[PDB]
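Heads up, the thing below is written out as structure tokens.
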RNA sequence: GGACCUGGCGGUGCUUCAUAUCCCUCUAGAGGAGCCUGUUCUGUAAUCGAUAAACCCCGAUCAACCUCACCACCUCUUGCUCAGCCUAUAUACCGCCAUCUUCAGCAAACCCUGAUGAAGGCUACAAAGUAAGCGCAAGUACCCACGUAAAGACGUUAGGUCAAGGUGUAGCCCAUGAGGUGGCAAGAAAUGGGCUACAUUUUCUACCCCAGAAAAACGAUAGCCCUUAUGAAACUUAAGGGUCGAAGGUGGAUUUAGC
Ligand SMILES: [Mg+2]
Ligand SMILES: [Mg+2]
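Chains as they are written, first to last, in the entry's author numbering: chain Z, 54 to 98; chain G, 70 to 127, 136 to 176, 195 to 248, 254 to 395; chain K, 28 to 128; chain D, 88 to 114, 120 to 215; chain C, 36 to 167; chain H, 52 to 188.
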């Protein structure tokens, strides 16, 4: 049940009891891209 | 240093006493073999490389606390080898002033003996010096020295047994490829050979197999002088014939003279044929047949 | 949160096939015989055809359970050859070892 | 998914591309640690776990599970961002070297004392 | 060249443990399996379930103990009992270690419906088998 | 000096129902490690001898299941990696032991079963003729 | 400009060599025919990747639907996902590998020589080298100690894979995302590999090796028809049966593999 695993790990990460290093790297890359100026366009604009 | 080694020795003694307590053995007679068996039982590891398995067991430094080396040839860097050469040269001087199944040990054996590392030329020099020592009509005092560096380079025969019927017989076994055979040869007979309860000329319609069966008895000139009962399983006709041949020869060794046993061994009747089917490997058609090399 | 939309489709197919497994079994058993009248077999044929397409068990694909690879999946471990090689090489899989003979 | 995740070291090795065709013979990004400023038990939900992220005993009594208020969590996030910015500034800045005979020359540049000798010798 | 589960020597400076220093062709010979269960035996079932559970346990203990695990976990299964033996550094405080032990044991036991236990062996630093 | 003054024995009850008679149990343990199987065989043999149970031991021939996978990722069909799983067997044949003895011995040797070792115990159970089989209907 | 240092590549000879290896010699093949299969081309509205050795029954231990990433048509918009993308880049990478390798060298760290210049460090009746470590070796697996596997460093081809997966960069966000229905995939043709044979050391039958027949028949797993198996679906899959009995008559230069 990939839903169960993924949601449980995401909830644990949000509760601070699981340090998802992959998600930390992805969040850092997303923050750097947002600083650079690349961002998702608004849906249905 | 020696202090660390002594601490390790004391720790090993204490651990040996604990191991003897745990296994219920007598701490006095708890020897190294007992230690190894206890460790193997308590920590069962199936790693093939025996050096990687758990083990509980008991190089040094060549100078003391004052810095003075113990050996007068230490500064050569090869004190063991050069001390050995010095002793051999002294023995040669003494001999000069006063006047097979053994081989010389390999360089690895010499290095293990002298706990040092030696080049090929050093080994050759030492071997030539040893040969000169041997050729110098050296006495026993030097012959034992030579034998320190000497390394040594017959088929066991099953005994005769007796059955319920009263006949005297011997029994042996052999194998060839994937076929295993067990043969029983009686001391007295009429040349009858029965394989799996079937007469040999019926179980072996191929003449080559019958010739192979005849080969052992014919070699020692004993056709018709014995009776043989064989049970063979596995393999094909030729593998079964070869296995029966080997088993019959091994069993018949119990009735021929030692000279005939040696003659049969020299004729190959007793060596087990190690030639077995070689496994097919991935990326190629067979054991050795590669795929058609495209261009 | 499956690996890809293909794994999501396969999960949907598996769930729907499990839901409709008994109805399919009964109708197909009605079909796969020479005893019942041919007209009843024809109406059973149209009934089994009326069932949703994704309920057929043949559409179920054995994808790797960790990378959604459709091919090269060992059924015993349900893993692709690459992931299985990775786990076995790191030794995380009990018993499995390099074969030399 | 979850089983497709990897470790930080593997991700950095893949992203930085320290080896490859370009880096093989010379035919800019640098590694940054994301765990220097992260404390165990801290999440976006702002929960306080007794014994992991907050003291196990408060006023000599066993603490219970507590959740920081939205304003308190905003303050914590601001503190984390401030610490990250300060560390980034400190890493970016450097203690300027003392130039030798010229700015781009190596001569005259001090290298410090030589490495100490084995037999209790220091220089 | 074989690139699978090998550490390449560059300057003789990189420290590696016993596990990393050995290539896969040494598993049966020098380094036993990190997981021990009967699923992969002959005639036994549920090998895939055990593999998935082992992978999840490894990825979960790696993130639950960030920067604490000295080496890879050892997973043992005896009946329905599951035991995770972990070599951990002494960086973290014992209070946090005990909190994590209790939390992980309870959560894994409730998630996998089996009596999970966690045994931690502490080392001052990552044990170095050799340098590469 | 802190030895317990008096211990409590576990409750053992005797049931009027006749005990089950087991002619033979074949405890076939399968594993990946020969040394582990040897140690477990030593354990089981010592336990059975201390419990006064007639036990023999033999080793059924091992099984080796081998399979082959592509070594590379995209295309190197000529190059493969071969993996194998070794299932080694050890059969303990216990004879002429009662139902209670069989239960206690099996519990003792199964609680101490090492990880990575699977057990397949076959219990030959002696039975008398059914009531309705002595004579026809 | 002067003198040196490190230099190499040269379809440039000579002497030794290669051990299934460079040639001849040995055996069985490929190159002739059918069929199977992959590729290229043609064509289609209709994937991609692989492309001398090191691609070509390759990714696939596998495509009727699904698979599927293709095409046509229709449908959906915070979408299974704190979205998604099989969108571009293997010339950003991890990951896993090819290749010389059927190799034995790679080497840090020191020491010495040249006046402390780019450099060099060979002598065994030894004259400045030592070397950890890596690889070979060793050890281990299988049936030995043999053999086969496994192993096989550093480097080489900006070698292959962004379509195992992850990820850098860049792009799409009412679509380059998601879903449904339907559909390709043929032959003018060339090419690689495989199977079956061209028979008499054969074919059929019994048998599993003391036989009887056949012998211009030998020869299709191809074509057509039918049945059966699997499936919701067989025209496209497989098995069997019937029918048909064709090309073919040991194959050029060349070429593969085996101790
Ligand atoms: Mg300047
Ligand atoms: Mg097309």
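Just so you know, even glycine gets a beta-carbon here, dropped at the ideal spot from N, CA and C.
Near ligand 1: residue i beta-carbon under 7 Å from a heavy atom
i: residue 113 (chain D); result: no
i: residue 195 (chain D); result: yes
CA-to-CA distance, residue j to residue i, given in whole angstroms
i: residue 277 (chain G); j: residue 287 (chain G); result: 29 Å
i: residue 220 (chain H); j: residue 75 (chain H); result: This structure cannot speak to residue 220 (chain H), because chain H is shown only from 52 to 188.
i: residue 148 (chain H); j: residue 52 (chain K); result: 48 Å
i: residue 120 (chain C); j: residue 140 (chain C); result: 12 Å
i: residue 225 (chain G); j: residue 154 (chain G); result: 22 Å
i: residue 32 (chain K); j: residue 94 (chain K); result: 12 Å
i: residue 70 (chain Z); j: residue 99 (chain C); result: 6 Å
i: residue 157 (chain D); j: residue 148 (chain C); result: 25 Å
i: residue 167 (chain H); j: residue 141 (chain H); result: 14 Å
i: residue 137 (chain H); j: residue 118 (chain C); result: 24 Å
i: residue 214 (chain G); j: residue 101 (chain G); result: 35 Å
i: residue 94 (chain C); j: residue 66 (chain Z); result: 13 Å
Min CB distance residue i to chain Z below 8 Å
i: residue 138 (chain C); result: yes
i: residue 150 (chain C); result: no
i: residue 29 (chain K); result: yes
Any chain C beta carbon closer than 8 Å to residue i
i: residue 100 (chain K); result: no
i: residue 70 (chain Z); result: yes
i: residue 123 (chain K); result: yes
i: residue 68 (chain K); result: no
Interface flag, residue i vs chain K, CB-CB below 8 Å
i: residue 91 (chain D); result: yes
i: residue 75 (chain Z); result: no
i: residue 93 (chain C); result: yes
Residue span of the beta strand (DSSP E) that contains residue i, given as start and end
i: residue 249 (chain G); result: Gap note for chain G: numbering proceeds from 248 to 254 with nothing in between, so residue 249 (chain G) has no coordinates.
i: residue 109 (chain H); result: 105-109
i: residue 199 (chain G); result: 197-199
i: residue 276 (chain G); result: 268-276
i: residue 65 (chain Z); result: Counting along the chain, residue 65 (chain Z) falls outside any beta strand (DSSP E), though it belongs to the alpha helix (DSSP H) covering 55-68.
i: residue 99 (chain C); result: Segment 82-99 is the alpha helix (DSSP H) holding residue 99 (chain C); no beta strand (DSSP E) there.
i: residue 144 (chain C); result: Per DSSP, residue 144 (chain C) belongs to no beta strand (DSSP E); it is in the alpha helix (DSSP H), 129-147.
i: residue 149 (chain G); result: That residue, residue 149 (chain G), is in no beta strand (DSSP E); it is neither H nor E in DSSP.
i: residue 113 (chain K); result: No beta strand (DSSP E) contains residue 113 (chain K), which is instead part of the alpha helix (DSSP H) from 108-116.
i: residue 73 (chain H); result: 72-82
i: residue 173 (chain H); result: 169-177
i: residue 143 (chain H); result: 131-149
Endpoints, the alpha helix (DSSP H) within which residue i is located
i: residue 185 (chain G); result: Examination of chain G shows a numbering gap from 176 to 195; residue 185 (chain G) is inside it and therefore has no coordinates.
i: residue 106 (chain G); result: 101-111
i: residue 307 (chain G); result: 307-319
Min CB distance residue i to chain H below 8 Å
i: residue 90 (chain K); result: no
i: residue 114 (chain G); result: yes
i: residue 36 (chain C); result: no
i: residue 66 (chain C); result: no
Interface flag, residue i vs chain D, CB-CB below 8 Å
i: residue 74 (chain C); result: no
i: residue 130 (chain C); result: yes
i: residue 81 (chain Z); result: yes
C-beta neighbour in chain G for residue i, strict 8 Å
i: residue 133 (chain H); result: yes
i: residue 169 (chain C); result: Here chain C has residues from 36 to 167 only, and residue 169 (chain C) is not among them.
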